[PDB]
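Taking it in order: structure first as structure tokens, then the write-up.
Values below: every heavy atom of this structure, side chains too, minus hydrogens, waters and symmetry copies. Naming: A, B, ... by sequence-line order, numbering from 1 per chain.
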Amino acid sequence: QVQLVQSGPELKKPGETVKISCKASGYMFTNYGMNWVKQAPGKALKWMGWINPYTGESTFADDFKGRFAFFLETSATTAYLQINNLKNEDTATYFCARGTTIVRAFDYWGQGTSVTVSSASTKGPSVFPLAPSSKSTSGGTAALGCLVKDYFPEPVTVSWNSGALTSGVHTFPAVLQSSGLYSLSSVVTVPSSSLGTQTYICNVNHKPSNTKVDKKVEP
Amino acid sequence: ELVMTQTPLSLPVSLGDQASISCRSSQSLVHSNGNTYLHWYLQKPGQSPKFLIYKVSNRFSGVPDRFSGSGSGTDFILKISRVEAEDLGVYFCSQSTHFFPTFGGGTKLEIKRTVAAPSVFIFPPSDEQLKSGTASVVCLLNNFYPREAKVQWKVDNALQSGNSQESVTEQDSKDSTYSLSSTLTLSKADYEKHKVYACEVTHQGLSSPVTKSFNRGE
């Protein structure tokens, strides 16, 4: 299958340089356009430009002439976006998108790379259990969770049981506190009879602080 | 400057009904070569956009026949017949007839469904957190519609203001409900000065408000 897998989230200071990657697989890399699109928070998609991997030539939209560059590592089937002299307006999710030139469209997209430009240092989350609502001997449904508290910047990743538990899971949007730091909870509902057999571990990953935590959630 | 304008911004539609999203460009998308390069993408919650329709009326592979685009020149429409819960997200039109490629601003398709009451759960602070010097109490409202919900905190029967935050999920891709967290945060010392912690929920699906509570230390 066609896949475009981008690199992870970044935190940068104003004036620094960020280089984002997008590894292509499943097609002849050199025969399709590689486009870059920006999505700032709550905003419409903006086309930034493309690089032609057949010829190495770059073309940019008006707003993206200057601090922006595109690069290719053809042997590695990887395309890169570089932004130099980072400003707060650059805080956005950036997508690579394959251009199918035969109908001039963006038929496959990468998953997005989040970049936060900030003067502030990263802070890793503390992870706390939200312990099961009921006991087994009175049945029905029980809720349980993890509180992912006091981190910067966005995003965090939360899975349950290393991705094996997905049904019933709600990871809430992050909210800011007056501290300037994010918190969120992730909850799951389960049969209360399974609390005595099944163990439940939330796996939290905050890449900008290199925090990886597994937390067992029990009574 | 080539402007693409979508209307409406938000479109609520019931399951099984027809959704209709308009896209208008400031210049004609008919290329001197003969083609009209007007496309549609769908971006669901947290995800990358996905290719839906190309050159006005052509469905991308895997796109069901209930999606259909039409129009010519400057005015185009995407129609979703028999809307399903999985069709939730932001629809974007795009043009690449004129350099440079541009997107419209997006239309958020919302699903209207029947009222659904929340299941309510209260969670006291972990021991681990209290040892860290703070106390968060979490109230969960799970699987409700509509989104509107009133959640009050009482600590020893005193109404709390100014010390809680709410967060709400996007509509569920299978049953079109929402869930909400309310988090009451206090210092460990304030927390330990009171016994009863209660959250009270008022919602269209409930004939009277539901309270969940716990007594501290138990």
Ring pair (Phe, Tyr, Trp, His ring centres under 6.0 Å) between A:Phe60 and A:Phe64, worked out: CA-CA 6 Å; A:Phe60 297 98; A:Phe64 297 96; 8.5 Å; no
Which of the residues B:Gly106, B:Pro101, B:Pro125, B:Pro124 is involved in the greatest number of heavy-atom pairs with chain A at under 4.5 angstrom?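 Highest number of pairs under 4.5 Å: B:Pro101.
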Which of the residues [options] is involved in the greatest number of heavy-atom pairs with chain B at under 4.5 angstrom?
| options | result |
| --- | --- |
| A:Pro129, A:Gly49, A:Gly112 | A:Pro129 |
| A:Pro155, A:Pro132, A:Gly145, A:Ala61 | A:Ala61 |
| A:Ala105, A:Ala44, A:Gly110, A:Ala97 | A:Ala105 |

Could you check if a side-chain atom of [X] sits within less than 4.5 angstrom of a side-chain atom of [Y], using non-hydrogen atoms only?
| X | Y | answer |
| --- | --- | --- |
| A:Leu45 | B:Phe92 | yes |
| A:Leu130 | A:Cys146 | no |
| B:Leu184 | B:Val155 | yes |
| A:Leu144 | A:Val187 | no |

Go through the structure and list residues passing ring-ring contact (aromatic ring centres under 6.0 Å, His included) with A:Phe152, not counting sequence neighbours. none
Quick one: what part of [X] sits under 4.5 Å from any heavy atom of chain B, side chain, backbone, both or neither?
| X | answer |
| --- | --- |
| A:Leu184 | neither |
| A:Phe95 | side chain |
| A:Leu147 | side chain |
| A:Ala131 | backbone |
| A:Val127 | backbone |
| A:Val103 | both |

Neighbourhood of chain A inside residues 72-79 of chain B, taking heavy atoms under 4.5 Å as contact: none
Just do the side chain to side chain contact (heavy atoms under 4.5 Å, CB included) check on B:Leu206 and B:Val201 with the steps written out, would you? CA-CA 9 Å; B:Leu206 301 170; B:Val201 175; 4.2 Å; yes
Per-residue contact mode, B:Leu180 against chain A (heavy atom under 4.5 angstrom): backbone
Can you tell me which portion of B:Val90 sits under 4.5 Å from chain A's heavy atoms? Options are side chain, backbone, both or neither.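 Looking at B:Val90, nothing touches chain A.
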So the ring-ring contact (aromatic ring centres under 6.0 Å, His included) pairs with at least one residue in residues 123-144 of chain B (sequence neighbours excluded) are B:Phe144-B:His203
Rounded distance (nearest 0.5 Å) linking atom [atom1] of [X] with atom [atom2] of [Y]:
| X | Y | atom1 | atom2 | answer |
| --- | --- | --- | --- | --- |
| B:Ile111 | B:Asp87 | CD1 | CG | 6.5 Å |
| B:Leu109 | B:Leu11 | CG | CG | 5.5 Å |
| B:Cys93 | B:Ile53 | SG | CD1 | 12.5 Å |

Heavy-atom closest contact (A:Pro125 atom, A:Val148 atom, distance):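 Closest pair (atom of A:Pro125, atom of A:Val148, distance): CB-CG1, 3.5 Å.
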Nearest non-hydrogen partners of B:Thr202 and B:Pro209, listed with the distance: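 Closest approach of B:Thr202 to B:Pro209: OG1-CB, 3.7 Å.
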Check step by step if side chain to side chain contact (heavy atoms under 4.5 Å, CB included) holds for B:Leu141 and B:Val151. CA-CA 9 Å; B:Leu141 298 49; B:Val151 174; 3.7 Å; yes
If you apply the rule side chain to side chain contact (heavy atoms under 4.5 Å, CB included), what do you find for B:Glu200 with B:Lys154, and how did you get there? CA-CA 8 Å; B:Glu200 181 203 81; B:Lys154 312 270 168 58; 3.6 Å; yes
Pairs of donor and acceptor atoms under 3.5 Å between chain B and chain A, please, with atom names and distances.
from: B:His39; atom 1: NE2; to: A:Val103; atom 2: O; distance (Å): 3.2
from: B:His39; atom 1: NE2; to: A:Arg104; atom 2: O; distance (Å): 2.9
from: B:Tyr41; atom 1: OH; to: A:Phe106; atom 2: N; distance (Å): 3.0
from: B:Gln43; atom 1: OE1; to: A:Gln39; atom 2: NE2; distance (Å): 2.9
from: B:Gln43; atom 1: NE2; to: A:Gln39; atom 2: OE1; distance (Å): 2.9
from: B:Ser96; atom 1: O; to: A:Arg104; atom 2: NH1; distance (Å): 3.4
from: B:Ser96; atom 1: OG; to: A:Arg104; atom 2: O; distance (Å): 2.6
from: B:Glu128; atom 1: OE1; to: A:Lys215; atom 2: NZ; distance (Å): 2.7
from: B:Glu128; atom 1: OE2; to: A:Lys215; atom 2: NZ; distance (Å): 3.3
from: B:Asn142; atom 1: OD1; to: A:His170; atom 2: NE2; distance (Å): 3.3
from: B:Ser167; atom 1: OG; to: A:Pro173; atom 2: O; distance (Å): 2.7
from: B:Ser179; atom 1: OG; to: A:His170; atom 2: NE2; distance (Å): 3.4

